[PDB]
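Trainee:
There are 2 protein chains.
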Amino acid sequence: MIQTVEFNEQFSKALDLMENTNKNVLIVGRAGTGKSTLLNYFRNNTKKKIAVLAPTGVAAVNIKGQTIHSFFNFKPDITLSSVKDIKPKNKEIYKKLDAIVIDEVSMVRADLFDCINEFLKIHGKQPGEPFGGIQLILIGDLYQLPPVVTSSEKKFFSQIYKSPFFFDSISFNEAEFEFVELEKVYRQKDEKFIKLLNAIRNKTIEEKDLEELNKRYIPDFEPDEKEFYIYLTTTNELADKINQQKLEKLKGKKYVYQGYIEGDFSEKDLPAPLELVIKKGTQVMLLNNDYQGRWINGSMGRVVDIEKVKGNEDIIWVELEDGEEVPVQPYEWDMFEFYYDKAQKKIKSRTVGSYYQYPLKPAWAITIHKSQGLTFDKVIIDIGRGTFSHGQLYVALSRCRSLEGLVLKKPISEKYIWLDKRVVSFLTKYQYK
Amino acid sequence: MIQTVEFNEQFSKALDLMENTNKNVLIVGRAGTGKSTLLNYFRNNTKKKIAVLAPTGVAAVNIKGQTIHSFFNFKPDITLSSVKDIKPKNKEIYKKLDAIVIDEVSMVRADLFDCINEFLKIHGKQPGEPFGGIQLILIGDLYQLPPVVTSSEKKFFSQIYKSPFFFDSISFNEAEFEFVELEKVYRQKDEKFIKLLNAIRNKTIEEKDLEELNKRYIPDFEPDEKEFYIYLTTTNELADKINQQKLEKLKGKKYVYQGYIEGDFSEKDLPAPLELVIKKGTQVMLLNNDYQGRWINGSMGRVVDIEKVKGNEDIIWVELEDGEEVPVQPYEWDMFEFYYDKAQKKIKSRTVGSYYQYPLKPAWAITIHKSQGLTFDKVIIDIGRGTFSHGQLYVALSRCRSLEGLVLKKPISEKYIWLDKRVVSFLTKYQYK
Ligand SMILES: Nc1ncnc2c1ncn2[C@@H]1O[C@H](COP(=O)(O)OP(=O)(O)O)[C@@H](O)[C@H]1O
Ligand SMILES: Nc1ncnc2c1ncn2[C@@H]1O[C@H](COP(=O)(O)OP(=O)(O)O)[C@@H](O)[C@H]1O
């Protein structure tokens, strides 16, 4: 229960809208703003009978949340008509809930948002009113690739929703959300990078500074066995090839570790891959924040000599960016579920599942979607390799930390870097309202 | 320099034909016989500058010998025409060789035998017609299945060779081959079963023994969990799926061990599987002979708690058929290659490859072909599934030890056990010559 979080104007304004008011609110930052920090400070220090949810199972386990389809008992094929037949597991709850938070709201499609509103409108405190009158708190990175919509759905989805963004859902317009944008980049020496990114957001590109970009299209391929460059790909398939090809053409023995599921857990979504295949000298990424304060979620390293085990489970030493030769051991992930405790006036969260695996994954290459909400010091913006579609360039650039660590494989650097101005329309509406 | 071999008439007659004479010889056993015993006693205690070969890489590593393709530089697709263009790696050798042994000759197809004869006809010591004069010693079990012949090659193979068995090759006919059959059953004592099996051999079975066979012809199932049983299948696909089905169902944690290849080896013929996926409580097969004298090749067991005490490597504790608790650790297999050294005026064997892996594999089900030369106390004979072969039943029955341990999946059985009388013809020719 600590207080070491630097309460600035935006932070204090957001907490004001959150706790003392019961208004629907939308808080955005871009990577470093304190989205998880603000959410969790509210989460720990409130008595407001709240429920914290997240779109994916990976996002839910990280925030210790409830994996929304599970919280509402939504089948993978849910629709605005089938939602009406859903019987709540925990019917007694959603009458008592005062507020509900949703993290990483960027990747919640419009149809699912409308299903949520209908569900809370029928089972909420005040039925008929938006969300049953329950205060809704949205937290996410607007500067994100919209939720994909398969080719089959495309024809009629285009006719129901203007965009797969959550903010183009009919329920979001009929309800008023106070807008708060986190602008402060904490623990960030990324000076002039965010100014460049904000310049790319607007029409202020200052193409002298655009060609100040044109300086880092080096090719000559290459990297180093030391410089920890990560490839950002558009699809799993390409990231999956770079991980394997780098894993091959590499000597030493491979070590394979199988994740263990206790209780109930889906595969996917797993934070760490189920089969951890590590050779000596393998570039890896750590997928959780260390309690002991040694590495963070996304801290890259290089697998080094494993000492083998004493009578406990074996460890994987890793050579971090700064040093560091840290012993990584398997980490326990838990899958929560919120419920009301009839005994007292409180909503408790029991754990229905456990998952055990080394918190690491091969980190020679990653996909943009997998790297949502992460910044890497040295990145490689690789080939498409089948379509570099509209507005994917601003997101990929927003994955980087500095310009002197950015290497652009293809020197494309042209006039569709622009953030995909559906978002831009939404932001210019709310910032000036 | 061991002398513990109890040199029975058959044995002394076979060694006499081997050592003092230079005649081609054909020794057959029934896998309880002294085949490996005779081969290794001759191998160790001789001064005859010989070369020991085996068809597969697995059979070669077990006998500490070389594969036929490796010794002759035979490409996987060799034909009798292309053999003439093969340049020997070690041309100088095959002038010095006095004898050549070939173990597990049962699984040597006719075309390969003719290629061997042609090669030694061209490069051998005094390279005339009979293998270039090199004395050939063949050792194998005739009671095993013939070497498979793909459907494509079948049409024209059928017209050149009457059967894919080695004795229907050409060379053999114009080859003086003394015949010795090890018929005496080396104990573990085979009392009722070998008499019944030999009765099926000579088609002299009695319907008293058919009815006494029909007694273990029962429907239903299950293995008594401890009680070790195995399902002998016709195909890898069926047997290996049963190993997976028993492995998924059973609870606990998975442990994955990767074999390490040093130098040069093969991925097709490995003694232990390359990826050992082992759960606690899993039936295993202990697939090599322990020097310390704790378990034999084929001695089945059930994995019990794996004590991962390390500062080098962890140990897999296994409960044998009698008892038990043996610590199984990785075993080193080596791939030899013979060469002639004028300095010692003899045939030395250097090791060009090494393979390290725990000598274990899941043993809920294995294929007849994999289990060549083995007897198991408790066997489950399925239907193939389906109608196994013309003559697969006799081999499957010859895999068993006793009738009070053989369990036949289904009573259909009517009479198709009969030995594959191409073998019967050959055996009645040589036994009465
Ligand atoms: N508002 C803030 N006050 C104090 N520290 C912050 C704040 N925002 C970010 N930080 C620092 O930055 C780090 C990452 O913040 P985080 O909450 O993960 O940002 P986001 O959730 O936007 O990714 C935290 O470890 C914290 O130390
Ligand atoms: N000549 C022999 N003298 C004594 N015991 C033998 C002899 N041959 C075989 N045995 C017994 O049979 C076992 C297997 O013999 P082996 O040569 O491996 O048979 P095969 O080659 O037919 O599998 C040996 O462990 C041994 O105890």
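Here the protein sequences come in this chain order: A and B. Sequential numbering of the first sequence, starting at 1, is according to the working numbering. Sequential numbering of the second sequence, starting at 1001, is according to the working numbering. Virtual Cβ for every residue (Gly too), placed ideally from N, Cα, C.
State yes or no: is the beta carbon of residue 949(B) nearer than 7 Å to at least one beta carbon in chain A?
Mentor: As displayed, chain B neither begins before 1001 nor continues past 1433, which places residue 949(B) out of reach and without an answer.
Trainee: For the segment 1289-1312 of chain B, enumerate the residues whose C-beta is nearer than 9 Å to any C-beta of chain A, in chain order.
Mentor: Listed in sequence order: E1307, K1308, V1309, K1310, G1311, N1312.
Trainee: Out of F131(A), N90(A), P359(A), which has the shortest C-alpha to C-alpha gap to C115(A)?
Mentor: With distances taken between Cα atoms, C115(A) lies closest to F131(A).
Trainee: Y1260(B) touches chain C at which residues, Cβ-Cβ below 8 Å?
Mentor: The displayed structure is made up of protein chains A and B, and chain C is not among them.
Trainee: Can you name the start and end residues of the beta strand (DSSP E) that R302(A) belongs to?
Mentor: Here the beta strand (DSSP E) through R302(A) covers 300-303.
Trainee: Which residue marks the beginning of the alpha helix (DSSP H) containing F131(A), and which one marks its end?
Mentor: First-last for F131(A): undefined, no H or E at that position.
Trainee: Against chain B, with Cβ distances strictly below 7 Å, would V58(A) count as a contact?
Mentor: So, not an interface residue.
Trainee: Using only alpha-carbon positions, find the residue among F1388(B), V1424(B), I1230(B) that is nearest to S1413(B).
Mentor: The shortest Cα separation from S1413(B) among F1388(B), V1424(B), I1230(B) belongs to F1388(B).
Trainee: Closer than 9 Å, Cβ to any Cβ of chain A: which residues of the segment 1256-1281 of chain B, in chain order?
Mentor: Of all residues in the segment 1256-1281 of chain B, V1256, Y1257, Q1258, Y1260, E1275, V1277 have a Cβ within less than 9 Å of some Cβ in chain A.
Trainee: What first and last residue would you give for the alpha helix (DSSP H) that runs through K361(A)?
Mentor: From DSSP, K361(A) is part of no alpha helix (DSSP H) but of the beta strand (DSSP E) over 360-362.
Trainee: Going by DSSP, name the residue or residues bridged to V1328(B).
Mentor: Looking at the DSSP assignment, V1328(B) forms a beta bridge with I1316(B).
Trainee: Could you have a look at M1018(B) and say whether DSSP puts it in helix, strand or coil?
Mentor: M1018(B): helix per DSSP, three-state reduction.
Trainee: Between which residues of its own chain and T1351(B) is the CB-CB distance below 7 Å, once the five residues before and five after are set aside?
Mentor: If we look at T1351(B) and ignore the five residues flanking it on each side, its Cβ neighbours are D1334, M1335, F1336.
Trainee: Would you mind stating whether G57(A) and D269(A) have Cβ atoms separated by less than 7 Å?
Mentor: For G57(A) and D269(A), yes; Cβs fall inside 7 Å.
Trainee: So if DSSP puts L1038(B) in a beta bridge, which residue, or which two residues, is it bridged to?
Mentor: For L1038(B), which the question treats as bridged, DSSP gives no partner whatsoever.
Trainee: For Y291(A), verify whether its CB is less than 6 Å away from any heavy atom of ligand 1.
Mentor: Checking every heavy atom of ligand 1 against the Cβ of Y291(A), none is found closer than 6 Å.
Trainee: Which one or two residues does DSSP pair with residue 1434(B) in a beta bridge?
Mentor: Residue numbering for chain B in the displayed model covers 1001 to 1433; residue 1434(B) lies beyond these limits and cannot be assessed.
Trainee: Report the partner residues of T1233(B) according to the DSSP bridge assignment.
Mentor: Bridge partners of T1233(B): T1367(B).
Trainee: Compute every distance between the C-beta of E1006(B) and the non-hydrogen atoms of ligand 2, then say whether any falls below 6 Å.
Mentor: Yes - ligand 2 has a heavy atom lying nearer than 6 Å to the Cβ of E1006(B).
Trainee: Measuring alpha carbon to alpha carbon, tell me which residue in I1200(B), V1025(B), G1034(B) is nearest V1101(B).
Mentor: Answer by Cα proximity: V1025(B).
Trainee: For a quick check, are the C-beta atoms of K96(A) and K49(A) less than 7 Å apart?
Mentor: Yes, the pair counts as a contact, with Cβ atoms nearer than the cut-off.
Trainee: So, helix, strand or coil for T351(A), using DSSP?
Mentor: Correct three-state label for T351(A): strand.
Trainee: Return the CA-CA distance between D98(A) and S171(A), expressed in angstroms with no decimal places.
Mentor: Those two C-alpha atoms are separated by around 19 Å.
Trainee: State the DSSP-derived secondary structure class of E262(A), mapped to helix, strand or coil.
Mentor: Looking at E262(A) - three-state DSSP - the assignment turns out to be strand.
Trainee: Which residue from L1210(B), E1178(B), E1181(B), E1019(B) puts its Cα closest to that of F1193(B)?
Mentor: Here the closest residue by C-alpha is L1210(B).
Trainee: If you reduce the DSSP assignment to three classes, tell me which class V309(A) lands in.
Mentor: Coil, per DSSP.
Trainee: Take the Cβ of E1104(B) as the centre, count every other Cβ of all protein chains shown within 10 Å, and call the residue buried at 16 or more, exposed below.
Mentor: Looking at its Cβ environment, which holds 16 or more other Cβ atoms inside 10 Å, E1104(B) is buried.
Trainee: What's the gap between the Cα of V185(A) and the Cα of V424(A)?
Mentor: Going by the C-alpha atoms only, they are around 21 Å apart.
Trainee: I205(A) lies in the beta strand (DSSP E); which residues open and close that run?
Mentor: Counting along the chain, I205(A) falls outside any beta strand (DSSP E), and DSSP gives it neither H nor E.
Trainee: Where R294(A) and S81(A) are concerned, what is the direct C-alpha to C-alpha distance, given to the nearest angstrom?
Mentor: Distance between the alpha carbons of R294(A) and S81(A): 49 Å.
Trainee: Looking at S371(A) and ligand 1, is the gap between the Cβ and the nearest heavy atom below 6 Å?
Mentor: Checking every heavy atom of ligand 1 against the Cβ of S371(A), none is found closer than 6 Å.
Trainee: Only counting the same chain, and skipping five residues up and downstream in sequence, which positions put a Cβ closer than 6 Å to that of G140(A)?
Mentor: Cβ within range, chain order: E104, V105, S106.
Trainee: Determine the burial state of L1397(B): buried for a count of at least 16 other Cβ atoms within 10 Å of its Cβ, exposed for fewer.
Mentor: By the 10 Å Cβ count, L1397(B) comes out buried.
Trainee: Hey, quick one: how far does the beta strand (DSSP E) through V1407(B) stretch, first residue to last?
Mentor: Segment 1406-1408, the beta strand (DSSP E) holding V1407(B).
Trainee: For the candidate residues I242(A), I122(A), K64(A), whose alpha-carbon lies nearest to that of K84(A)?
Mentor: The option with the nearest alpha carbon to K84(A) is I122(A).
Trainee: Identify, in the order they occur along the chain, each residue of the same chain with its Cβ nearer than 6 Å to the Cβ of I1417(B), setting aside the five sequence neighbours on each side.
Mentor: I1200, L1393, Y1394.
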